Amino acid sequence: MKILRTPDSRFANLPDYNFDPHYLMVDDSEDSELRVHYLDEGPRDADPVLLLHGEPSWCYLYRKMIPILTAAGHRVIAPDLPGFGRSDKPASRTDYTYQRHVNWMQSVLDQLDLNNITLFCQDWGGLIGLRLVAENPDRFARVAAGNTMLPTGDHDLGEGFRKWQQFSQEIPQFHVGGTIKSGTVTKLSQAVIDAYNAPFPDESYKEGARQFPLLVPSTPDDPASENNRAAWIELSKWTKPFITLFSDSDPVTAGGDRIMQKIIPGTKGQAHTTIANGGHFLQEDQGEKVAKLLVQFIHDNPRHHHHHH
């Protein structure tokens, strides 16, 4: 595979974003490697909070959440998926697969040796992140999920998702900022919208953004269907804390918290809530509120341990 790298001038002086870049290389699965950007904030020895973004966002989506988390003493890891943000971007839509995305984020976990993780996931950050939880029980301490899902393809995904999937593929050019506007309930400033467009100087950089909706399992024969069935059987044994923080104004994922509460034992006892005045990209509309709830969630669910452990 071939990769594109967004010029660094694109990332200059973005609103409410001043986080230094970190990088690591991951195997591209085709005999080379590509660069993953991530943020790594907060005390070096603190348990990490892993913030995974999805389609078609990047770690900028988390910028209002990160300072609240680090002020409360948390280490925060916020990676950019290949195809997005400051990460390298495979040049063909066919380069992007569900399994590759899982493997690329697994490599982040492995290289950073993240343990005792609190995951917060949304959109594809949950399609990927919940797979990582299922496949790495011993690395995760807690999970928070908002406006996400984990489809196996055995069921209809519903009105909202079907509309999105169709629109995302029909449009002549993919307007990343347009998608963020459509998935928020706030009149975003143009400089914020421009920050969502920053990774993508032209259409050639958008192949990951264009492929993502096609990778969502919607049939039982999807290449990810069985892996997601297996993930659900692991989640049905997840007894550690699991909270849902879905918002009120996202038809694509509405009600998706109920199946998590039904199936996942570690949801029992947690103070799930519905984030008011929040669209699909609830971190953009309601980042402060969500981050405060995530701080509280960690506080309400201590991990008892010795020093250095």
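Residue numbers run from 1 along the displayed sequence.
Stretches 187-195 and 163-171 differ in mean CA B factor, with 163-171 having the higher one. The PDB entry records a higher mean C-alpha B factor for 131-139 than for its counterpart among 144-152 and 131-139. Of the residues listed, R229, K181, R210, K237, the entry assigns the biggest Cα temperature factor to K237. Out of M65, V49, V36, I259, the entry records its largest CA B-factor for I259.
Among all modelled residues in this chain, the alpha-carbon of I233 has a temperature factor (C-alpha) in the highest third. Per the deposited record, the Cα B-factor of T267 falls in the middle third when ranked against the other modelled residues of its chain. Ranked within its chain, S57 lands in the lowest third, by CA B factor from the PDB record. For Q286, the recorded CA temperature factor ranks within the lowest third of the chain's modelled residues. In this PDB entry, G279 carries a Cα temperature factor that places it within the lowest third of its chain's modelled residues.
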